[PDB]
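Reviewing the structure listed below.
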Amino acid sequence: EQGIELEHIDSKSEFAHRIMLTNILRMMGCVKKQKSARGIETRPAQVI
Amino acid sequence: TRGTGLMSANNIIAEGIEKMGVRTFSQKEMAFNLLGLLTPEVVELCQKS
Amino acid sequence: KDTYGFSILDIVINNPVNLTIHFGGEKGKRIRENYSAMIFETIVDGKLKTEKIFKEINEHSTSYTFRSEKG
């Protein structure tokens, strides 16, 4: 995101926000659900 | 980190920034730093908190 | 499940060929300690000989696998 100041925040910035935060939280959630559906409690995934 | 899609446009001032006594990193150096967080000791540390 | 991180019901129902125990987190560390403690004491020429079951499991182990051929 280059040259996008506060007043230029539009579709592209919202999509970038989705990629870099919202769907990262969703990916963590998906891994949590897969691990719990299989009762895995002692093999945690380190998120960097 | 010099050389990425997020910072490439700033390679030309890295030398002066370093002259201030600060350290910039090559991508290889930063990857080595990050892989430092996957060693067993840091992994156990993360499991603690 | 609480002591050794495996379900006997699961073994009876599904009969897996291999079974891995993971020693991650606080519960994982407690289970690993349980595994480490147990031993196979024996008498040799009238003397105790304390071996250790699971010689592969030490305080740096992150898992352990039970193996078999068909289940």
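As shown in the structure tokens, the chain order sets the letters A, B, ...; within each chain, residues go from 1, and ligands are also counted from 1 in the order they appear.
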Give me the residues of chain B that have any atom at most 9 Å from an atom of chain A; for each, the nearest atom pair and the distance in Å, rounded to one decimal. Use only C-alpha atoms, sort by chain and number, and format it as CSV.
residue,atom,partner,partner_atom,distance
B:34,CA,A:48,CA,8.4
B:37,CA,A:48,CA,8.2
B:38,CA,A:46,CA,8.4
B:43,CA,A:46,CA,7.4
B:46,CA,A:46,CA,7.5
B:47,CA,A:44,CA,7.8
List every residue of chain C that DSSP, applied to the backbone of this structure, assigns to alpha helix (DSSP H), and report them as an mmCIF file with N, CA, C and O atoms, in the first residue's frame.
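Contents of result32.cif, as written:
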data_model
loop_
_atom_site.group_PDB
_atom_site.id
_atom_site.type_symbol
_atom_site.label_atom_id
_atom_site.label_comp_id
_atom_site.auth_asym_id
_atom_site.auth_seq_id
_atom_site.Cartn_x
_atom_site.Cartn_y
_atom_site.Cartn_z
ATOM 1 N N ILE C 8 -7.362 -46.090 25.745
ATOM 2 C CA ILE C 8 -7.471 -47.528 25.524
ATOM 3 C C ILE C 8 -8.706 -47.850 24.692
ATOM 4 O O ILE C 8 -8.684 -48.775 23.872
ATOM 5 N N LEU C 9 -9.794 -47.097 24.872
ATOM 6 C CA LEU C 9 -10.971 -47.304 24.033
ATOM 7 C C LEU C 9 -10.635 -47.112 22.562
ATOM 8 O O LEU C 9 -11.111 -47.866 21.707
ATOM 9 N N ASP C 10 -9.816 -46.126 22.249
ATOM 10 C CA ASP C 10 -9.401 -45.901 20.877
ATOM 11 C C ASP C 10 -8.609 -47.075 20.318
ATOM 12 O O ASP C 10 -8.781 -47.459 19.172
ATOM 13 N N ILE C 11 -7.719 -47.621 21.125
ATOM 14 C CA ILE C 11 -6.931 -48.762 20.675
ATOM 15 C C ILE C 11 -7.831 -49.966 20.431
ATOM 16 O O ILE C 11 -7.660 -50.696 19.448
ATOM 17 N N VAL C 12 -8.806 -50.191 21.312
ATOM 18 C CA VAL C 12 -9.722 -51.312 21.126
ATOM 19 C C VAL C 12 -10.573 -51.114 19.878
ATOM 20 O O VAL C 12 -10.807 -52.057 19.116
ATOM 21 N N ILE C 13 -11.065 -49.897 19.657
ATOM 22 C CA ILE C 13 -12.016 -49.667 18.574
ATOM 23 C C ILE C 13 -11.320 -49.649 17.220
ATOM 24 O O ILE C 13 -11.788 -50.274 16.264
ATOM 25 N N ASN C 14 -10.195 -48.940 17.110
ATOM 26 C CA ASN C 14 -9.566 -48.686 15.823
ATOM 27 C C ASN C 14 -8.308 -49.497 15.567
ATOM 28 O O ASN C 14 -7.946 -49.680 14.403
ATOM 29 N N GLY C 25 3.357 -28.565 25.865
ATOM 30 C CA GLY C 25 2.609 -27.860 26.885
ATOM 31 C C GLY C 25 2.803 -28.455 28.266
ATOM 32 O O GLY C 25 3.587 -29.377 28.484
ATOM 33 N N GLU C 26 2.059 -27.905 29.228
ATOM 34 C CA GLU C 26 2.183 -28.360 30.611
ATOM 35 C C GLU C 26 1.671 -29.787 30.775
ATOM 36 O O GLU C 26 2.307 -30.616 31.439
ATOM 37 N N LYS C 27 0.512 -30.088 30.190
ATOM 38 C CA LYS C 27 -0.013 -31.447 30.246
ATOM 39 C C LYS C 27 0.931 -32.422 29.554
ATOM 40 O O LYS C 27 1.180 -33.525 30.059
ATOM 41 N N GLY C 28 1.463 -32.030 28.397
ATOM 42 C CA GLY C 28 2.441 -32.863 27.723
ATOM 43 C C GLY C 28 3.661 -33.133 28.580
ATOM 44 O O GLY C 28 4.173 -34.250 28.610
ATOM 45 N N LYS C 29 4.143 -32.114 29.292
ATOM 46 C CA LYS C 29 5.305 -32.309 30.153
ATOM 47 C C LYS C 29 4.993 -33.242 31.317
ATOM 48 O O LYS C 29 5.829 -34.069 31.696
ATOM 49 N N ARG C 30 3.798 -33.130 31.899
ATOM 50 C CA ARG C 30 3.419 -34.059 32.961
ATOM 51 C C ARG C 30 3.355 -35.495 32.442
ATOM 52 O O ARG C 30 3.836 -36.430 33.101
ATOM 53 N N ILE C 31 2.776 -35.689 31.259
ATOM 54 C CA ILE C 31 2.709 -37.029 30.685
ATOM 55 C C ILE C 31 4.111 -37.562 30.413
ATOM 56 O O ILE C 31 4.406 -38.741 30.654
ATOM 57 N N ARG C 32 5.000 -36.705 29.910
ATOM 58 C CA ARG C 32 6.374 -37.128 29.671
ATOM 59 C C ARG C 32 7.050 -37.550 30.963
ATOM 60 O O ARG C 32 7.795 -38.533 30.987
ATOM 61 N N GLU C 33 6.824 -36.808 32.046
ATOM 62 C CA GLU C 33 7.389 -37.215 33.328
ATOM 63 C C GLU C 33 6.872 -38.588 33.736
ATOM 64 O O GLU C 33 7.639 -39.439 34.205
ATOM 65 N N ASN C 34 5.569 -38.821 33.564
ATOM 66 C CA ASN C 34 5.018 -40.141 33.855
ATOM 67 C C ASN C 34 5.771 -41.217 33.088
ATOM 68 O O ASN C 34 6.158 -42.247 33.650
ATOM 69 N N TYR C 35 5.991 -40.993 31.794
ATOM 70 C CA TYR C 35 6.714 -41.979 30.997
ATOM 71 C C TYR C 35 8.133 -42.172 31.513
ATOM 72 O O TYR C 35 8.640 -43.296 31.556
ATOM 73 N N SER C 36 8.794 -41.082 31.892
ATOM 74 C CA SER C 36 10.187 -41.164 32.315
ATOM 75 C C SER C 36 10.330 -41.947 33.611
ATOM 76 O O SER C 36 11.315 -42.670 33.797
ATOM 77 N N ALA C 37 9.365 -41.813 34.521
ATOM 78 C CA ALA C 37 9.525 -42.397 35.850
ATOM 79 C C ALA C 37 9.618 -43.919 35.801
ATOM 80 O O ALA C 37 10.459 -44.516 36.481
#
**Request:** Identify every residue of chain B that has at least one atom within 9 Å of any atom of chain C, counting only C-alpha atoms, and report the result as a VMD selection string.
**Result:** chain B and resid 40 44 47 to 48
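For segment 8-10 of chain B, the list of residues within 12 Å, based on only C-alpha atoms and with local chain neighbours fewer than 4 positions off taken out, reads residues 2 of chain A; 1, 2, 3, 4, 14, 15, 16, 17, 24, 26 and 27 of chain B.
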**Message:** With only C-alpha atoms as the counted atoms, please give the residues lying no more than 7 Å from residue 53 of chain C, apart from itself and same-chain residues fewer than 3 positions off, as number ranges by chain.
**Reply:** C: 38-40
Keeping C-alpha atoms for every residue in the selection just given, could you write it to a file as a JSON list (two decimals), in the first residue's frame?
[["chain", "number", "residue", "atom", "x", "y", "z"],
["C", 38, "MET", "CA", 8.64, -46.02, 35.10],
["C", 39, "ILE", "CA", 11.45, -48.59, 35.21],
["C", 40, "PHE", "CA", 12.11, -52.33, 34.90]]
